[PDB]
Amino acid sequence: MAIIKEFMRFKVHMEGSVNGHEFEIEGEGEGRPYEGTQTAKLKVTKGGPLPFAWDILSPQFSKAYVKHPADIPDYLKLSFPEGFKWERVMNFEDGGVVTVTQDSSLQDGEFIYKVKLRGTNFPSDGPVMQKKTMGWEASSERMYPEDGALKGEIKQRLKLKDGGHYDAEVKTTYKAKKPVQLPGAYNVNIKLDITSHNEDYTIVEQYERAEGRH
């Protein structure tokens, strides 16, 4: 715990495009890595205001902050100081697709996150492009080792302003930059909340709690 302290800050930069609309976001976060809690404030720096739902971006802003039982190795914490990378595909139920690539490193005592995101094929009348979503329900991520990396699968659900839910099938691969002890399969319960936003979602605060279990 000379590397990952009980309190850690992070900085994040995202470049993205959704249905061809380019944007950039810069953010600052902090949290308690061993307790599985964190917050962040994100600001749209280019392309604002965004003409689509913030909710598709919120899960791209930190798996060093997952509470783990003592008998499950914390693969992503152990990847530091070098860090780890992750890539993700989210297949939404109406054909929209989000692809993400991310690098996580440790610089001068803070985590540094760099993200690229592409969203495509969202229907112009759908809840993403019409901003009719209302946050994520609690998620269960199934973690499993495969092919030398740590993988996760989620059946993720967005609440709809008009009622019901909008589903995404999510697959992620997380890989330490140096060889690290891979854990056996386990589950992570995640809850991400938007705790504040201005009217056009150009400044947004998030909170996330994440805990692994057998």
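The numbering used is simple: start at 1 and walk along the sequence shown.
Unmodelled residues of the deposited sequence between neighbouring positions residue 61 and residue 62 number 1 to 3. For the pair 18 to 26 and 197 to 205, the record assigns the higher mean C-alpha temperature factor to 197 to 205.
Note on 68 to 76 vs 105 to 113: mean CA B-factor is higher in 68 to 76. Sorting 44, 40, 53, 149 by the CA temperature factor given in the entry leaves 149 at the top. The entry lists a Cα temperature factor for residue 49 that places it in the lowest third of the chain's modelled residues. Residue-level temperature factors show residue 120 in the middle third of its chain, judged at the C-alpha atom. In the deposited entry, the Cα temperature factor of residue 187 sits in the middle third of values across the chain's modelled residues. Split the chain's modelled residues into thirds by C-alpha temperature factor. Residue 173 is in the lowest one. The PDB entry assigns residue 142 a C-alpha temperature factor belonging to the middle third of its chain's modelled residues.
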